[PDB]
Amino acid sequence: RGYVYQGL
Amino acid sequence: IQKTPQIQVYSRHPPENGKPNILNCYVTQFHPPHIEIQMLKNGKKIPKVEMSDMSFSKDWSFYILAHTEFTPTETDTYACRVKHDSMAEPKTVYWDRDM
Amino acid sequence: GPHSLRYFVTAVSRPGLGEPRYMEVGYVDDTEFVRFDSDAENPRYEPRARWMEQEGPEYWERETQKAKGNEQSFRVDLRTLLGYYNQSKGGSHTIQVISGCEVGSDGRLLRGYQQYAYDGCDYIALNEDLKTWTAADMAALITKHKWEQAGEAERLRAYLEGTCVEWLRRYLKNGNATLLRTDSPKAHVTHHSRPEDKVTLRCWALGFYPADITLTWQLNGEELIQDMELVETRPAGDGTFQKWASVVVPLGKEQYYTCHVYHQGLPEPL
């Protein structure tokens, strides 16, 4: 699966 | 920073004068991703050349596999050239078919 | 043996004409299996390998959706770093990331990852004791003291050991005998005058998968080096690969040399 990356 | 391409020109199979082969160019190790790639038969830019998808590798560097068909002779000459921001003038690469 | 499920991502700032580019490709082992790329009619997160194409709309759609959610998420990230560094909005900027989990030699978790690198050079990394992060630069330290703050470290653990695994095996089942099945190489040598003192001979390893091999010239016992020219390994249109290695052999004394190619779909002694 895919990730829901966030923050930075 | 900027990693400087290191081109690599080569056929798919072997050269046999007559048999309609594929000359590839394969640029390696670069940053940043934008690439001016040209493949050239005796100084005169052949226009039917196929970029493939640009993907990166663990070094954080990119790579793209360009190529185009052809039908080799002793007469003809085939080169690849890369215009990327790390090098000033474009680096051309000539194909030795004993390599 | 074991397996991968890495996700390599790229977002580029295209300043002037163009809104940021978004590309995510999920590799399986080295077998490339999914992509998304903001430069398509239908900016799609659709297949690769026929096997992924035997799935349906809740994997596609939520995951096309999921990706787009990332597009915008990044395109904010780009503005931010730009800030961190005190950069002029002018040229391109490049954000990359590799994510994933390796399945141990039994079906569970022997590895877990999270890298960030801005403009080729490490930025952030998740360090294995899946809780500590490492600030590469002076300004990766910045996210540290926030990323750690909220739960973006702890919430990952889960993606990895969880979803990244749970999910990962479906794939390693639907395209089972596809993600492997070696490719036996075919070889030869090609003697070339260079000249009359010596004659360059050269080894041809071409037509293989996986991507790896190890060629050698063995002068009857001794494994030769300093005479060795090595081409490093390279794909050949077809998705076959190729490699070659050579030596500068005394004209006359040619036969006394041995060519050696070794690869996992080759039962080759000596």
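Residues numbered from 1 in each chain as written, not as in the entry; some residues may be left out. Chains lettered and ligands numbered in written order. Heavy atoms only, no water.

As stated in the entry header, the method of structure determination is X-ray crystallography and the reported resolution is 2.5 Å.

Explain the layout of surface pockets here, please?
If a probe as big as a water molecule is rolled over the atoms, it shows which places are left empty. When its volume is computed, the second largest pocket comes out at roughly 480 Å³. Taken together, 25 residues form the lining of the second largest pocket, with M51, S52, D53 and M54 of chain B together with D37 of chain C sitting closest to its centre. Those elements that place two or more of their residues in the lining of the second largest pocket are β2 (21-28) and β3 (31-37) of chain C. Sorting elements by how many residues they give to the lining of the second largest pocket places β3 of chain C first, with 4 residues. Per-class residue counts for the lining of the second largest pocket are 12 nonpolar, 4 polar and 9 charged. (1 Å grid on protein atoms, 1.4 Å probe; cavity = no way out; pocket = protein on both sides within 12 Å on 5 of 7 lines; lining within 4 Å. Points joined across faces, edges and corners; volume = space filled by probe spheres on them. Helix = DSSP H or I, 4+ residues; strand = E, 2+ residues; numbered from the N terminus. Nonpolar A, V, L, I, M, F, W, Y, C, P; charged D, E, K, R; others polar.)

Would you explain the interface of chain A and chain C in this entry?
In many analyses, interface size is given as the accessible surface area lost on bringing the parts together. Taken residue by residue, the interface counts 8 residues in chain A and 27 residues in chain C. Across the chain A to chain C interface the summed buried area is about 1700 Å²; carbon plus sulfur atoms make up 52%. Among the residues chain A hides against chain C, the three largest losses belong to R1, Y5 and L8 of chain A. Together they make up 64% of the total. On the surface where chain A and chain C come into contact, there are 0 salt bridges. Counting across the interface, chain A meets chain C through 9 residue pairs in polar contact. (Contact = heavy atoms within 4.5 Å. Buried area = accessible area lost by both parts, 1.4 Å probe. Salt bridge = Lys/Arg side-chain N within 4 Å of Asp/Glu carboxyl O. Polar contact = N/O pair within 3.5 Å; in protein donor to acceptor, adjacent residues only side chain to side chain.)

Please clarify how helix α4 (residues 154-161) of chain C should be interpreted in this entry.
The α-helix advances 3.6 residues per turn, and as a result positions three or four apart in sequence lie on the same side. All names here are of chain C. Inspection of α4 places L156, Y159 and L160 among the buried residues, and these make up the whole buried set. Across the axial projection of α4, the buried residues extend over an arc of 95 degrees, all falling on one side. The inward-facing, buried residues of α4 abut β4 (94-103), β5 (109-118), β6 (122-127), β7 (132-135) and α5 (163-174). (Buried < 20%, exposed > 50% of the residue type's maximum accessible area, 1.4 Å probe, protein only. Arc of directions from axis to C-beta.)

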